[PDB]
file input-v8.txt (compact mmCIF, C-alpha atoms and all ligand atoms)
# COMPACT_ATOMS: atom_id res chain seq x y z
CA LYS H 2 -62.28 -39.47 47.26
CA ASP H 3 -62.15 -35.70 47.87
CA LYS H 4 -59.93 -32.79 46.83
CA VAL H 5 -56.88 -33.82 48.87
CA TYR H 6 -55.03 -30.96 50.49
CA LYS H 7 -52.37 -28.77 48.96
CA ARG H 8 -49.07 -29.17 50.82
CA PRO H 9 -47.80 -25.88 52.35
CA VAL H 10 -44.42 -26.40 50.67
CA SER H 11 -44.43 -24.99 47.14
CA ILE H 12 -42.37 -23.65 44.25
CA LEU H 13 -42.60 -20.48 42.18
CA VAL H 14 -41.20 -20.26 38.63
CA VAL H 15 -40.63 -16.78 37.20
CA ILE H 16 -40.92 -17.20 33.42
CA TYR H 17 -39.76 -14.29 31.26
CA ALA H 18 -38.68 -13.80 27.65
CA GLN H 19 -34.99 -13.16 27.04
CA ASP H 20 -35.55 -10.96 23.98
CA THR H 21 -38.27 -8.62 25.32
CA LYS H 22 -37.73 -9.00 29.09
CA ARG H 23 -41.51 -9.39 29.42
CA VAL H 24 -42.96 -11.60 32.16
CA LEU H 25 -45.58 -14.34 31.84
CA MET H 26 -48.50 -13.60 34.10
CA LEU H 27 -51.20 -16.24 34.25
CA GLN H 28 -54.68 -15.72 35.65
CA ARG H 29 -56.06 -18.00 38.34
CA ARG H 30 -59.36 -19.88 38.02
CA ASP H 31 -60.13 -19.64 41.79
CA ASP H 32 -59.33 -15.91 42.04
CA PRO H 33 -59.57 -14.24 38.56
CA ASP H 34 -58.15 -11.07 40.18
CA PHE H 35 -54.97 -12.94 41.11
CA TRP H 36 -52.35 -12.87 38.35
CA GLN H 37 -49.17 -14.89 38.98
CA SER H 38 -46.23 -16.84 37.62
CA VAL H 39 -46.18 -20.67 37.75
CA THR H 40 -46.74 -22.08 41.25
CA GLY H 41 -47.44 -25.53 42.68
CA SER H 42 -46.92 -27.77 45.67
CA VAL H 43 -43.84 -29.91 45.96
CA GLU H 44 -45.31 -33.41 45.86
CA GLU H 45 -44.44 -36.27 48.23
CA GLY H 46 -41.47 -38.16 46.77
CA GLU H 47 -40.11 -35.42 44.52
CA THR H 48 -37.74 -32.47 45.01
CA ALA H 49 -38.30 -28.73 44.42
CA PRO H 50 -36.46 -28.71 41.01
CA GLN H 51 -38.47 -31.73 39.76
CA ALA H 52 -41.65 -29.97 40.98
CA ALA H 53 -40.68 -26.78 39.14
CA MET H 54 -40.18 -28.75 35.90
CA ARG H 55 -43.40 -30.72 36.45
CA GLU H 56 -45.36 -27.51 37.16
CA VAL H 57 -44.07 -25.73 34.03
CA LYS H 58 -45.06 -28.72 31.84
CA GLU H 59 -48.57 -28.98 33.34
CA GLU H 60 -49.48 -25.31 33.73
CA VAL H 61 -48.03 -23.82 30.54
CA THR H 62 -47.08 -26.83 28.35
CA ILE H 63 -43.31 -26.30 28.03
CA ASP H 64 -40.91 -29.18 28.39
CA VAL H 65 -37.75 -27.71 29.90
CA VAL H 66 -35.92 -30.96 29.08
CA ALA H 67 -37.25 -31.35 25.52
CA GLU H 68 -36.56 -27.71 24.63
CA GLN H 69 -33.09 -27.88 26.27
CA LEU H 70 -33.66 -24.91 28.61
CA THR H 71 -32.05 -23.73 31.86
CA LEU H 72 -34.15 -23.95 35.01
CA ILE H 73 -32.23 -21.56 37.28
CA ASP H 74 -32.39 -22.11 41.03
CA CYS H 75 -33.13 -18.51 41.99
CA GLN H 76 -32.09 -19.55 45.54
CA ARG H 77 -34.76 -17.82 47.67
CA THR H 78 -37.17 -19.36 50.15
CA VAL H 79 -39.86 -17.18 51.75
CA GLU H 80 -42.76 -17.86 54.08
CA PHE H 81 -46.11 -16.10 54.04
CA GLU H 82 -49.64 -16.15 55.34
CA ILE H 83 -51.83 -17.94 52.80
CA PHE H 84 -54.60 -15.71 51.45
CA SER H 85 -57.61 -15.97 53.77
CA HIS H 86 -59.95 -17.00 50.96
CA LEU H 87 -57.72 -19.80 49.67
CA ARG H 88 -56.83 -21.29 53.06
CA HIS H 89 -59.61 -23.88 52.79
CA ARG H 90 -57.48 -25.80 50.23
CA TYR H 91 -55.06 -26.60 53.06
CA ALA H 92 -55.41 -29.03 55.97
CA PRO H 93 -57.09 -27.54 59.10
CA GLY H 94 -54.77 -25.30 61.14
CA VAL H 95 -52.47 -24.69 58.17
CA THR H 96 -52.09 -20.91 57.71
CA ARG H 97 -48.50 -20.49 56.41
CA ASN H 98 -46.76 -21.45 53.15
CA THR H 99 -43.08 -22.02 52.33
CA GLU H 100 -42.10 -21.06 48.82
CA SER H 101 -38.91 -21.57 46.86
CA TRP H 102 -38.11 -19.50 43.77
CA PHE H 103 -36.94 -20.57 40.35
CA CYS H 104 -36.45 -18.35 37.37
CA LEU H 105 -36.79 -19.50 33.73
CA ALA H 106 -35.79 -17.41 30.71
CA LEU H 107 -37.36 -18.30 27.35
CA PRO H 108 -35.49 -17.22 24.18
CA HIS H 109 -38.58 -15.45 22.74
CA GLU H 110 -42.16 -14.65 23.72
CA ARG H 111 -44.53 -17.34 22.51
CA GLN H 112 -48.16 -18.42 22.44
CA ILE H 113 -48.96 -20.33 25.65
CA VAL H 114 -51.16 -23.42 25.96
CA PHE H 115 -52.26 -22.88 29.57
CA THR H 116 -54.34 -25.71 31.02
CA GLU H 117 -55.32 -24.61 34.53
CA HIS H 118 -55.54 -20.85 34.12
CA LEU H 119 -58.02 -18.47 32.55
CA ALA H 120 -55.58 -16.38 30.49
CA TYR H 121 -52.00 -15.22 30.00
CA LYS H 122 -50.53 -11.76 29.36
CA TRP H 123 -46.93 -10.86 28.54
CA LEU H 124 -46.21 -7.75 30.64
CA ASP H 125 -43.16 -5.58 31.26
CA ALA H 126 -41.61 -6.52 34.62
CA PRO H 127 -42.66 -3.36 36.58
CA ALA H 128 -46.24 -3.84 35.31
CA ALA H 129 -46.11 -7.52 36.23
CA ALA H 130 -44.91 -6.80 39.79
CA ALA H 131 -47.67 -4.20 40.37
CA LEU H 132 -50.31 -6.59 39.02
CA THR H 133 -49.81 -9.67 41.22
CA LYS H 134 -51.49 -9.87 44.63
CA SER H 135 -48.67 -12.13 45.83
CA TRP H 136 -45.97 -10.11 47.60
CA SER H 137 -43.42 -12.87 47.01
CA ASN H 138 -44.17 -13.10 43.29
CA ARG H 139 -43.84 -9.31 43.26
CA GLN H 140 -40.45 -9.49 44.95
CA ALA H 141 -39.23 -12.36 42.77
CA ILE H 142 -39.82 -10.29 39.61
CA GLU H 143 -38.19 -7.20 41.12
CA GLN H 144 -35.08 -9.05 42.31
CA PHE H 145 -34.54 -11.27 39.28
CA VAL H 146 -36.12 -9.57 36.28
CA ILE H 147 -36.13 -5.76 36.83
CA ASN H 148 -32.86 -6.76 38.51
NA NA F 201 -50.43 -25.05 40.22
SM SM F 202 -50.26 -27.58 38.83

call {"tool": "encode", "arguments": {"input": "input-v8.txt", "output": "structure tokens", "more": "lines below"}}
Ligand code: NA
Ligand SMILES: [Sm+3]
result
Amino acid sequence: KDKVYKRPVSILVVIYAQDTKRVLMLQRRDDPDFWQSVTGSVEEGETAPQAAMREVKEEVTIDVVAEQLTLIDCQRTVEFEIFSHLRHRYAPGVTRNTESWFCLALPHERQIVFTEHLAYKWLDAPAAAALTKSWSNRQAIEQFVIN
């Protein structure tokens, strides 16, 4: 029919490489100035962990299950004003988003087959955190990568 609305309940997955401690920063198609980790709405009839896994498979082609990896519940939920210029993707009146964090450590840096984004960079955590426009994404990387 149309582009049905994004649900204001979403997940964030902080991917980083264990060996280098570099962070995967993907570049958004709708705001090419916005660099971020993996995000996505938590669909109707699935949990946040299942959403995290589903988002990582879609956005960056990595099967957590197939590659036997550990999807850590980073155990933070924050709430923020959605960026003015992206609000339109949400049902009328919706201005705030609820976001739960997950961190995922890959054994090495790799080539990424991104499907929805323009590009990826592997950055050092401080550089990553300064880059993103998302204050939560920024905090997630500070708390759980820079440590
Ligand atoms: Na997404
Ligand atoms: Sm997605």

call {"tool": "residues_near_point", "arguments": {"input": "input-v8.txt", "point": "(-34.9, -17.4, 39.9)", "cutoff": "7 Å", "atoms": "all atoms listed in the file", "output": "list in words"}}
result
residues 15, 73, 74, 75, 76, 102, 103, 104, 105 and 145 of chain H

call {"tool": "residues_near_ligand", "arguments": {"input": "input-v8.txt", "ligand": "ligand NA 201 (chain F)", "cutoff": "8 Å", "atoms": "all atoms listed in the file", "output": "list in words"}}
result
residues 39, 40, 41, 42, 56, 60 and 117 of chain H

call {"tool": "residues_near_ligand", "arguments": {"input": "input-v8.txt", "ligand": "ligand SM 202 (chain F)", "cutoff": "12 Å", "atoms": "all atoms listed in the file", "output": "MDAnalysis selection string"}}
result
chainID H and resid 7 11:14 29:30 38:44 52:62 115:118

call {"tool": "atom_distance", "arguments": {"input": "input-v8.txt", "atom1": "CA of residue 80 in chain H", "atom2": "CA of residue 119 in chain H"}}
result
26.4 Å

call {"tool": "closest_residue", "arguments": {"input": "input-v8.txt", "among": "H:81, H:26, H:68, H:148", "to": "residue 132 in chain H", "atoms": "only C-alpha atoms"}}
result
H:26

call {"tool": "closest_residue", "arguments": {"input": "input-v8.txt", "among": "H:97, H:63, H:72, H:143", "to": "residue 50 in chain H", "atoms": "all atoms listed in the file"}}
result
H:72

call {"tool": "closest_residue", "arguments": {"input": "input-v8.txt", "among": "H:120, H:114, H:2, H:77", "to": "residue 99 in chain H", "atoms": "all atoms listed in the file"}}
result
H:77

call {"tool": "atom_distance", "arguments": {"input": "input-v8.txt", "atom1": "CA of residue 20 in chain H", "atom2": "CA of residue 110 in chain H"}}
result
7.6 Å

call {"tool": "axis_aligned_box", "arguments": {"input": "input-v8.txt", "around": "range 72-80 of chain H", "padding_each_side": "5 Å", "output": "JSON"}}
result
{"center_x": -37.4, "center_y": -20.6, "center_z": 44.5, "size_x": 20.7, "size_y": 16.8, "size_z": 29.1}

call {"tool": "residues_around", "arguments": {"input": "input-v8.txt", "residues": "residue 6 in chain H", "least_positions_apart": "5", "cutoff": "7 Å", "atoms": "all atoms listed in the file", "output": "number ranges by chain"}}
result
H: 90-92

call {"tool": "atom_distance", "arguments": {"input": "input-v8.txt", "atom1": "CA of residue 5 in chain H", "atom2": "CA of residue 32 in chain H"}}
result
19.3 Å

call {"tool": "closest_residue", "arguments": {"input": "input-v8.txt", "among": "H:3, H:69, H:19, H:86", "to": "residue 31 in chain H", "atoms": "all atoms listed in the file"}}
result
H:86

call {"tool": "residues_around", "arguments": {"input": "input-v8.txt", "residues": "residue 18 in chain H", "least_positions_apart": "3", "cutoff": "6 Å", "atoms": "only C-alpha atoms", "output": "mmCIF file with C-alpha atoms, keeping the file's coordinate frame"}}
result
data_model
loop_
_atom_site.group_PDB
_atom_site.id
_atom_site.type_symbol
_atom_site.label_atom_id
_atom_site.label_comp_id
_atom_site.auth_asym_id
_atom_site.auth_seq_id
_atom_site.Cartn_x
_atom_site.Cartn_y
_atom_site.Cartn_z
ATOM 1 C CA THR H 21 -38.270 -8.620 25.320
ATOM 2 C CA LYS H 22 -37.730 -9.000 29.090
ATOM 3 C CA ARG H 23 -41.510 -9.390 29.420
ATOM 4 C CA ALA H 106 -35.790 -17.410 30.710
ATOM 5 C CA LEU H 107 -37.360 -18.300 27.350
ATOM 6 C CA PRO H 108 -35.490 -17.220 24.180
ATOM 7 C CA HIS H 109 -38.580 -15.450 22.740
ATOM 8 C CA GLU H 110 -42.160 -14.650 23.720
#

call {"tool": "residues_around", "arguments": {"input": "input-v8.txt", "residues": "residue 24 in chain H", "least_positions_apart": "6", "cutoff": "6 Å", "atoms": "all atoms listed in the file", "output": "mmCIF file with C-alpha atoms, in the coordinates of the input"}}
result
data_model
loop_
_atom_site.group_PDB
_atom_site.id
_atom_site.type_symbol
_atom_site.label_atom_id
_atom_site.label_comp_id
_atom_site.auth_asym_id
_atom_site.auth_seq_id
_atom_site.Cartn_x
_atom_site.Cartn_y
_atom_site.Cartn_z
ATOM 1 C CA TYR H 17 -39.760 -14.290 31.260
ATOM 2 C CA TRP H 123 -46.930 -10.860 28.540
ATOM 3 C CA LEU H 124 -46.210 -7.750 30.640
ATOM 4 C CA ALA H 126 -41.610 -6.520 34.620
#

call {"tool": "closest_residue", "arguments": {"input": "input-v8.txt", "among": "H:79, H:36, H:89, H:121", "to": "residue 135 in chain H", "atoms": "all atoms listed in the file"}}
result
H:36

call {"tool": "build_atoms", "arguments": {"input": "input-v8.txt", "residues": "range 37-56 of chain H", "atoms": "N, CA and C atoms", "output": "PDB file, in the frame of the given file"}}
result
ATOM      1  N   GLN H  37     -50.360 -14.276  38.389  1.00  0.00           N
ATOM      2  CA  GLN H  37     -49.170 -14.890  38.980  1.00  0.00           C
ATOM      3  C   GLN H  37     -48.292 -15.588  37.944  1.00  0.00           C
ATOM      4  N   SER H  38     -47.091 -15.955  38.372  1.00  0.00           N
ATOM      5  CA  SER H  38     -46.230 -16.840  37.620  1.00  0.00           C
ATOM      6  C   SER H  38     -46.656 -18.277  37.950  1.00  0.00           C
ATOM      7  N   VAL H  39     -45.885 -19.264  37.492  1.00  0.00           N
ATOM      8  CA  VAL H  39     -46.180 -20.670  37.750  1.00  0.00           C
ATOM      9  C   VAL H  39     -45.875 -21.061  39.194  1.00  0.00           C
ATOM     10  N   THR H  40     -46.898 -21.537  39.903  1.00  0.00           N
ATOM     11  CA  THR H  40     -46.740 -22.080  41.250  1.00  0.00           C
ATOM     12  C   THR H  40     -47.296 -23.498  41.358  1.00  0.00           C
ATOM     13  N   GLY H  41     -46.917 -24.200  42.415  1.00  0.00           N
ATOM     14  CA  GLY H  41     -47.440 -25.530  42.680  1.00  0.00           C
ATOM     15  C   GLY H  41     -46.773 -26.142  43.894  1.00  0.00           C
ATOM     16  N   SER H  42     -47.491 -27.023  44.574  1.00  0.00           N
ATOM     17  CA  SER H  42     -46.920 -27.770  45.670  1.00  0.00           C
ATOM     18  C   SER H  42     -45.819 -28.708  45.198  1.00  0.00           C
ATOM     19  N   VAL H  43     -44.885 -28.938  46.111  1.00  0.00           N
ATOM     20  CA  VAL H  43     -43.840 -29.910  45.960  1.00  0.00           C
ATOM     21  C   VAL H  43     -44.422 -31.215  46.456  1.00  0.00           C
ATOM     22  N   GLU H  44     -44.680 -32.135  45.529  1.00  0.00           N
ATOM     23  CA  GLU H  44     -45.310 -33.410  45.860  1.00  0.00           C
ATOM     24  C   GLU H  44     -44.452 -34.300  46.762  1.00  0.00           C
ATOM     25  N   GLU H  45     -45.111 -35.230  47.455  1.00  0.00           N
ATOM     26  CA  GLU H  45     -44.440 -36.270  48.230  1.00  0.00           C
ATOM     27  C   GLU H  45     -43.613 -37.135  47.277  1.00  0.00           C
ATOM     28  N   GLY H  46     -42.345 -37.338  47.603  1.00  0.00           N
ATOM     29  CA  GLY H  46     -41.470 -38.160  46.770  1.00  0.00           C
ATOM     30  C   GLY H  46     -40.943 -37.498  45.513  1.00  0.00           C
ATOM     31  N   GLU H  47     -40.823 -36.175  45.546  1.00  0.00           N
ATOM     32  CA  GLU H  47     -40.110 -35.420  44.520  1.00  0.00           C
ATOM     33  C   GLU H  47     -39.479 -34.198  45.175  1.00  0.00           C
ATOM     34  N   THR H  48     -38.474 -33.632  44.515  1.00  0.00           N
ATOM     35  CA  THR H  48     -37.740 -32.470  45.010  1.00  0.00           C
ATOM     36  C   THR H  48     -38.404 -31.166  44.540  1.00  0.00           C
ATOM     37  N   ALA H  49     -37.827 -30.028  44.914  1.00  0.00           N
ATOM     38  CA  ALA H  49     -38.300 -28.730  44.420  1.00  0.00           C
ATOM     39  C   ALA H  49     -38.008 -28.490  42.923  1.00  0.00           C
ATOM     40  N   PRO H  50     -36.768 -28.778  42.451  1.00  0.00           N
ATOM     41  CA  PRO H  50     -36.460 -28.710  41.010  1.00  0.00           C
ATOM     42  C   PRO H  50     -37.341 -29.585  40.106  1.00  0.00           C
ATOM     43  N   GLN H  51     -37.542 -30.850  40.479  1.00  0.00           N
ATOM     44  CA  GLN H  51     -38.470 -31.730  39.760  1.00  0.00           C
ATOM     45  C   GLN H  51     -39.893 -31.166  39.749  1.00  0.00           C
ATOM     46  N   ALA H  52     -40.338 -30.624  40.883  1.00  0.00           N
ATOM     47  CA  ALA H  52     -41.650 -29.970  40.980  1.00  0.00           C
ATOM     48  C   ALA H  52     -41.762 -28.769  40.041  1.00  0.00           C
ATOM     49  N   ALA H  53     -40.726 -27.932  40.027  1.00  0.00           N
ATOM     50  CA  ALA H  53     -40.680 -26.780  39.140  1.00  0.00           C
ATOM     51  C   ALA H  53     -40.892 -27.232  37.695  1.00  0.00           C
ATOM     52  N   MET H  54     -40.055 -28.166  37.234  1.00  0.00           N
ATOM     53  CA  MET H  54     -40.180 -28.750  35.900  1.00  0.00           C
ATOM     54  C   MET H  54     -41.572 -29.312  35.663  1.00  0.00           C
ATOM     55  N   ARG H  55     -42.071 -30.124  36.591  1.00  0.00           N
ATOM     56  CA  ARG H  55     -43.400 -30.720  36.450  1.00  0.00           C
ATOM     57  C   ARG H  55     -44.507 -29.666  36.363  1.00  0.00           C
ATOM     58  N   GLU H  56     -44.402 -28.619  37.180  1.00  0.00           N
ATOM     59  CA  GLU H  56     -45.360 -27.510  37.160  1.00  0.00           C
ATOM     60  C   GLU H  56     -45.384 -26.692  35.863  1.00  0.00           C
TER      61      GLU H  56
END
